[PDB]
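Here is the structure we will look at.
Every residue, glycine among them, receives a Cβ derived from its backbone with ideal geometry; neighbour counts consider all protein chains shown. Since every read-out is calculated from the coordinates, none of them should be taken as a lab result.
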Amino acid sequence: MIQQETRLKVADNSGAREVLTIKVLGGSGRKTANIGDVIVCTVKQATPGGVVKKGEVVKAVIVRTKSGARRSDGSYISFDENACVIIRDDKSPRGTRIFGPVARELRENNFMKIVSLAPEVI
Amino acid sequence: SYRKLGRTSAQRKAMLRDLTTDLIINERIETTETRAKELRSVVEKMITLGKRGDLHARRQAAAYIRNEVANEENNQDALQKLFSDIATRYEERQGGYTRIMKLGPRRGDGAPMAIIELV
Amino acid sequence: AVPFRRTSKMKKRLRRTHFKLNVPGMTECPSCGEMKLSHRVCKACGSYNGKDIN
Amino acid sequence: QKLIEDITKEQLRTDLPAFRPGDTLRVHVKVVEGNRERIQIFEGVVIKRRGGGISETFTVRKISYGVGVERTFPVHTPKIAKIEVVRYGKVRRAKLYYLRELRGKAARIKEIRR
Amino acid sequence: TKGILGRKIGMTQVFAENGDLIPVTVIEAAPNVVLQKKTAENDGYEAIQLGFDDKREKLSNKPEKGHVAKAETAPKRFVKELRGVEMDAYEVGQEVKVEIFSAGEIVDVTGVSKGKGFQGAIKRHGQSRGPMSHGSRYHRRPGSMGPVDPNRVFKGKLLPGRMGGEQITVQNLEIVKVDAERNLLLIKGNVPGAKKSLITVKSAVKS
RNA sequence: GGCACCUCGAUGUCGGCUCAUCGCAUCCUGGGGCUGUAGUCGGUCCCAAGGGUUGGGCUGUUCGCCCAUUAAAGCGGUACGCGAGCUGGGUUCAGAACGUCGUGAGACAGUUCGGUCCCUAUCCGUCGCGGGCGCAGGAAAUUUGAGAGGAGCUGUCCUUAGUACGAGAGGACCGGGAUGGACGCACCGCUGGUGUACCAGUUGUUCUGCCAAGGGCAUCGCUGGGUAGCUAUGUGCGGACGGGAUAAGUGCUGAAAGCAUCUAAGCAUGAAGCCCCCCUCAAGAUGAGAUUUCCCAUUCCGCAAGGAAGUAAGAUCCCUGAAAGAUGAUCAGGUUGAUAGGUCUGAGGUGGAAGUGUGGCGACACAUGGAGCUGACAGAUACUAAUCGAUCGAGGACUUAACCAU
Ligand SMILES: [Mg+2]
Ligand SMILES: [Mg+2]
Ligand SMILES: [Mg+2]
Ligand SMILES: [Mg+2]
Ligand SMILES: [Mg+2]
Ligand SMILES: [Mg+2]
Ligand SMILES: [Mg+2]
Ligand SMILES: [Mg+2]
Ligand SMILES: [Mg+2]
Ligand SMILES: [Mg+2]
Ligand SMILES: [Mg+2]
Ligand SMILES: [Mg+2]
Ligand SMILES: [Mg+2]
Ligand SMILES: [Mg+2]
Ligand SMILES: [Mg+2]
Ligand SMILES: [Mg+2]
Ligand SMILES: [Mg+2]
Ligand SMILES: [Mg+2]
Ligand SMILES: [Mg+2]
Ligand SMILES: [Mg+2]
Ligand SMILES: [Mg+2]
Ligand SMILES: [Mg+2]
Ligand SMILES: [Mg+2]
Ligand SMILES: [Zn+2]
């Protein structure tokens, strides 16, 4: 249940450490966005280097959430942190690596370039 | 479920723990209707605890029966009377140790009254 | 709120067509003969269902 | 509670060992990608075992690359090939929810063998 | 078309052959019995009557006894009428067993919702509340009644009152498995009504 | 803005909230004509009111600017809708200060800080739920449907096809298939919430004479779980395929007017609009309908009409309750009977009882033993209560007509 004003943490070495949510992309309602959705987001905290600055409106996808994600046969998966990856408005990531586990409802979308950069997929 | 009887979660337990030993020592009391319909399911469970005769059963029933004197001359008690007498008496009964009989209404507040007695 | 107009007699006693009593359910106690009310112990004779209650 | 019981008894799986909350085990899940049948091994502590009947489930928690991943299954699903049992732990609970916090803090909190 | 009458018993689960969980509602039945035929030369339509769940002879009166004693059977407790159907494969006294629904079909389920009592507006009509702080004295109340100019309230407002207990029809459900022996019908999803209640399972109207 | 007809023995004014409804001079979706329209996008005009029409930052704000989305972020009426529905930030009471004016008391269509919001619903209206009588004998069930309400929305992607069109750049109509957003209905098997007579640990202090074992109070003392019911954030489903007439448009034949012309005769086609199809209520539809089944050979008065009394089918009083419920009502039952309680046997919840023994100096640990305990879940068993009884409830009016027989 990612919604407006949430503070997620960035799951790669782009140059941002936390990010805030500005809008969920979808129809005219769209209060909530679960695993595998795109969000407009502003960089709150950043590292001194990196290719992303402080206070920037970037696109982002969502990889992990505390809220679970139900699967086909009635099995569930959950984490203990919300995490995101910075999209380049093209499905390629704006970084080089990924940090931690990545969900599995990504591969069922066009996010092959991201699931191919992860340590493992659960 | 069960009835709340206008009282609170502790006043209710106190009232029922009183009425239980009242009915035990007396073998018949008289109260309102609903307050006697909620008692023939708390008395029969204690008679079933008494028909066991164990020590665990005795310690389970002592945590529910207050300390009055049943037989003043023999210095008996509600717990000992329960076990000995009401285990010897209702020995081959399977449920249904009580019965309710309805009187008319009360006078002060027109409430319905009743009588409850060990069968 | 406050009554705009007073209430006539006709409405006042049309309203009270449902405000009355009901004769109870009484039967004959077949031990003494006086009238008790059904399913209750006879407070005149002291018995119910044949057997007695001292 | 009986008529339902039998029609669901038709589909009960009866080869897995018994286990309580708080003991490491290994699940062999038959994850599928569309053309092949891989097998992923996912081991961890059994945070919770809940429900009864054919609707009985259970939860397994592990810590993969820093963050902890919980994952629940229906006990009788056919996407599980087998269930090993690594060890047995000594716990006083039936629902281990204090483990969701005692991961970091530079202190390791694990169970004891019994 | 076709249809039968049964009793809701409660929800459960089953795994398909793919190995995936499916919510399932169980519905028992028995051999229903055709008690009467309504042809177009006697009435204005075409319809058969169905009986279900016979009851013991002490609970039946003489009208009902005589009515159900023309098909040579026992007094049935639930009587209904299935209207849109072909009326040549049905005779009085004949039975209608559960074995007419194959697996994977599509049906409708008619049943009486379960009662909720006297409910307010926030729960009955799914309205919104006022604030709970900032000095307000407004929450859980049905709102303005309308404009001043009509000098009256428009027919069609939404106020408290008794909720539930109506008749509801769910559409485009699907049969999972038909146990011919025990007279059972596993339907996917959930159906209206409290446990141990009458449920009408007809064929699909949309097609 | 003008006027001053109504209200001074009192109607209180702006924004926001809850709830809305109407108009069309249409923001989107639907159908078309012209184009300085090659295609994708546009312009302007015509038909169309069924549905839809956002989250924030600044300001008391209407207004307004900006950020990010969206198919679109319409314009207006309803006392600039709605204070016996809410608020009181802003409007004009009494305190205080700043600027300016006044000799002064003081004033400002200047600014700033603070500042009591009353009411038990009589009648109409709106939403639910019952008694009475009617419907030409008295009851029980199944129904038709005059008529009334509900729903009415859309995106992206793959194919057709990098084909038509186009130097190239770029790039389709029409038709097929998946999968989403907001909205509505139902439900608790999954994920969670609550669960104050369920299970466990623990602090202080009083009580059961004492130790062990427990009870009372301290927000349910606090803390960890949690059955049934009730629930959404959870799950399933829905707005499908069509038919009949139409609007603007496109027409085919065809004269008035030897030609031309959509029309005057005649024959078509054509929209998210209209009437059906889909869902719910419905014979107090006083126009009170239809179908199937039960009860009927009484007794008194009354020349007669009629009245009265016992009853039949059936119903109610009274009692045990919940899939029901403010109270009635409804539903399941009342001894040839499982309606409730109790007892057994289970499901689920908690999680290893008391006693004893062994090890330890002691706090404690291990065994007997998935132990003990268990509210609202399921099944068996008449052990307890649904005793005996009473009240209500028919005898079927006239007048014509058609066909058969004399
Ligand atoms: Mg809101
Ligand atoms: Mg008027
Ligand atoms: Mg004047
Ligand atoms: Mg004048
Ligand atoms: Mg006037
Ligand atoms: Mg006045
Ligand atoms: Mg127009
Ligand atoms: Mg801010
Ligand atoms: Mg106004
Ligand atoms: Mg005006
Ligand atoms: Mg008003
Ligand atoms: Mg002053
Ligand atoms: Mg000065
Ligand atoms: Mg001066
Ligand atoms: Mg102020
Ligand atoms: Mg009021
Ligand atoms: Mg449950
Ligand atoms: Mg002491
Ligand atoms: Mg002690
Ligand atoms: Mg005290
Ligand atoms: Mg207390
Ligand atoms: Mg607690
Ligand atoms: Mg029950
Ligand atoms: Zn008597």
Item to check | Per-pair calculated FRET efficiency, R0 = 60 Å: E:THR1 and D:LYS90 via Cβ, rounded to 0.05 | outcome: 0.40
Item to check | Relative contact order (%) - chain D, alpha-carbon pairs under 8 angstrom, separation at least six | outcome: 27
Next on the checklist: Viscosity 1.306 mPa s, temperature 10 °C: give me the Stokes-Einstein translational D for chain D in µm²/s, with Rh taken as the Kirkwood radius over C-alpha pairs.
Outcome noted: 101
Checklist entry - Normalised by the number of residues in segment E:1-106, what is the relative contact order in percent for Cα pairs under 8 Å and 6+ residues apart? => result 29
Checklist entry - Any idea what the dipole of chain E comes to, in debye rounded to 20, about its Cα centre with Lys/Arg Cβ at +1 and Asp/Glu Cβ at -1? => result 1820
Item to check | Alpha-carbon Rg with Dmax, taken over the protein assembly as shown, Å | outcome: 35.2, 107
Item to check | Stretch in chain D that is longest and holds no chymotrypsin sites (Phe, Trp or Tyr not before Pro) that DSSP places in a loop and that have at most 16 other beta carbons within 10 Å | outcome: D:20-64
Checklist outcome for this item: Honestly segment E:165-207 on the Cα gyration tensor test (a ≥ b ≥ c root eigenvalues; a/c under 1.5 rounded, otherwise a/b vs b/c for prolate or oblate) is just oblate
Checklist entry - So what is the calculated 222 nm ellipticity per residue for chain B, using -39500 (n - 2.57) for each DSSP H run with n of 4 or more, over all residues, to the nearest 500 deg cm²/dmol? => result -11500 deg cm²/dmol
Next on the checklist: Set the bar at 20 Å for Cα to Cα. Now go through C:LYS36/E:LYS58; E:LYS37/E:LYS177; A:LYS9/A:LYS66; A:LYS59/A:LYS91; B:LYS13/D:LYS95; E:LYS8/E:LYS70 and name every pair that lies beyond it.
Outcome noted: C:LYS36/E:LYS58; E:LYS37/E:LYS177; B:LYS13/D:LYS95; E:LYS8/E:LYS70
Checklist entry - Where does chain B land on Rg(C-alpha)/(2.2 N^0.38 Å)? => result 1.10
Item to check | Filtered chymotrypsin sites (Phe, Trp or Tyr not before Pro), segment E:108-167: DSSP coil and at most 12 other beta carbons within 10 Å | outcome: E:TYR138, E:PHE154
Checklist entry - Which parts of segment A:37-65 would a label at A:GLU108 reach, counting a residue when its backbone N lies under 19 Å from a point 7 Å out along Cα-to-Cβ? => result A:37-39, A:61-65
Checklist outcome for this item: Once amide hydrogens are built 1.01 Å from N within the peptide plane, the residues lying 5 or more places from E:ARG140 or on another chain with amide H under 5 Å from its amide H are E:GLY130
Item to check | Antiparallel bridges, percent of DSSP beta bridges restricted to chain A (to nearest 5) | outcome: 90
Item to check | Share antiparallel - DSSP beta bridges, the protein assembly as shown, percent rounded to 5 | outcome: 95
Checklist entry - Which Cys in the protein assembly as shown stand alone, with every other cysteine's Cβ at 4.7 Å or more from theirs? => result A:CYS41, A:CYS84
Checklist entry - For B:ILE29 and E:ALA89, what is the calculated FRET efficiency with R₀ set at 45 Å and r taken between the beta-carbons, to the nearest 0.05? => result 0.10
